[PDB]
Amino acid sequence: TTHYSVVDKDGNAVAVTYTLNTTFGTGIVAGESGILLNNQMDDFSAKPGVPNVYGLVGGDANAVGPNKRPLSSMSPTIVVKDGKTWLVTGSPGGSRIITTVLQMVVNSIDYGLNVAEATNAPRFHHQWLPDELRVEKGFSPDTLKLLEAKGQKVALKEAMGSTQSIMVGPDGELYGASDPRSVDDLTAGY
């Protein structure tokens, strides 16, 4: 999965998140087309109560069915401030997309972090099942100690996401940031 954002000179904005699901999808090219095929079907609930590759579960609502679109977690998002497009963001991450984008929004609104600061900040995540508070490296040992005291089951795991965001200044100027978690990416303009 990958996400990208765009804002033009007139102020129009677009946020796109698209994917093959897992990296390279099935890894199957369609004949001589040179096109890789997705493995999006794993996003359906194969059986009620049994988790898919991202630990997500379902029932009747997200059951496999003909011509049905499997439930996604993709969240291209736009935040509006004072009636104007302010933050354009999104990210890959399967079940973690929801919490990653959420943190971008909270970091921007509640903590007043500029787009780069919000992007480089560490992330945490809890998806109900499994019952664990997943964290990235970067949180204070003092803070993690307090969380464990509160009853959270902290699990240090792999870095989450790849936000590619743009913030629109009050005067219309643009500010952008690419995720430190992904190399060879780029935010550029003119």
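We number the residues from 1 along the sequence you see.
Taking the PDB entry as given, 152 to 160 carries the higher mean Cα B factor of the two stretches 33 to 41 and 152 to 160. Legend: mean Cα B-factor per stretch from the PDB entry, 140 to 148 versus 119 to 127; the higher mean is in 140 to 148. Residue 167: CA B factor in the middle third of modelled residues in this chain (values from the PDB entry).
Ranked against the other modelled residues of its chain, the C-alpha B-factor of residue 59 as given in the entry falls in the highest third.
Sorting the modelled residues of the chain by their CA temperature factor places residue 112 in the highest third.
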